[PDB]
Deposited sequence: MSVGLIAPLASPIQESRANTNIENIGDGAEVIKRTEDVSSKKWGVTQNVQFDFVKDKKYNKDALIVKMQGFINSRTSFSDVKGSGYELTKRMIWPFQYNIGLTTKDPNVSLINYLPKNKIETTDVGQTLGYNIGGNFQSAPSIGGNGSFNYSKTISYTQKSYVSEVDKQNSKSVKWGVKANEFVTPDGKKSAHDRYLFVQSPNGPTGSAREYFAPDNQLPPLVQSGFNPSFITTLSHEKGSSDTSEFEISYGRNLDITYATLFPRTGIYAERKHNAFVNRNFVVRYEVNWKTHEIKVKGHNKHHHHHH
């Protein structure tokens, strides 16, 4: 054994990650007021003399407002019918738009149903990427990036994962209510009788203190994918990052002397996403937003 006479772990913007390698860190913050989305993206170029390919670790963060709304339904005969529009699923995806780039890793890589999601992408010099479905107490990497998000009552699925694109869906699953657990497909999910016959639209639905954050507020994504570039090919590549929602409609009609009658319009508005196009310049190690927003 020779663990005692090993080299030092640390023998010695842009971060030096070891001999002949550095990470050039770029960021883009693109928001849409109309979409209620903020894409806060980190783009880390792995510049390594011992890795025959250029690599870009893309960490997708930011915010997707739930856009949950509670409204009157206009029209005679609908005075006692109210509508709640809410996100059944949050969509996060990255699609490559040029043949000279491919995706070589994705986090989360598998479906995850825990309330807390915390994972790590590690990089070791010479092109070695590794992933762990946990944070802390992992191996020894030259560089690492983590993802962290909470999805109470929702589950994360890999909807699509290939050399050109990755799509995750953070989908409604099971909710705690004062009347017991309810499935995301229960048509009575979130409805309630208002306090009186003149009760506002908001009163026909579960109060804020009963709605989990992905329904009441929104989602704070935290996802990773690494783009691989075959050297010799074009210095530039384009790709799109999409953040959005699939919305359901819940209708609640009050029959004052009887109670509530509920209806669900499932998948009422699908793939309602904010798409941003970016261009990687592998030569200058730069990112620019195409068209912007």
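No C-alpha positions are given for the deposited-sequence stretches 1, 14-20, 302-308.
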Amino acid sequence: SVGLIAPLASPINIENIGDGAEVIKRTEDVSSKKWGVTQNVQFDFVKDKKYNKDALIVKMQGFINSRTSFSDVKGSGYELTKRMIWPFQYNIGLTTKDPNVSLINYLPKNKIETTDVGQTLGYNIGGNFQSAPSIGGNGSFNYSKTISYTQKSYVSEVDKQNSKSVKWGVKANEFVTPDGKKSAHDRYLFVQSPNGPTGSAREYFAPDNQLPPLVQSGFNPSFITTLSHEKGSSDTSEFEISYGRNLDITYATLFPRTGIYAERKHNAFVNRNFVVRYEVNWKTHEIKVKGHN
From here on, numbers count along this sequence of modelled residues.
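We call the rigid core whatever largest set of C-alpha positions still superposes within 1.5 Å between the two forms.
Once the structures in 4 other deposited structures of this protein are superposed via the core, the pair 96-104 and 113-121 is resolved in favour of 96-104 as the more displaced stretch (C-alpha RMS). Stretch comparison, 25-33 versus 258-266: after rigid core superposition, larger RMS CA deviation in 4 other deposited structures of this protein is found for 258-266. When the mean C-alpha temperature factors of 77-85 and 190-198 are read from the deposited coordinates, 190-198 comes out higher.
As the entry records it, the average C-alpha temperature factor is higher for 233-241, out of 262-270 and 233-241. Take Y251, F70, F255, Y51 and read off each C-alpha B-factor from the entry; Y51 has the highest. Comparing the C-alpha B-factors of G93, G218, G122, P178 in the entry, the top value falls on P178. Per the deposited record, the Cα B-factor of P213 falls in the lowest third when ranked against the other modelled residues of its chain. The PDB entry assigns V170 a C-alpha temperature factor belonging to the lowest third of its chain's modelled residues. Ranked by C-alpha B-factor against the other modelled residues of its chain, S228 falls in the highest third.
When the modelled residues of the chain are ordered by their C-alpha B factor, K47 lands in the highest third. Sorting the modelled residues of the chain by their CA temperature factor places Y106 in the middle third.
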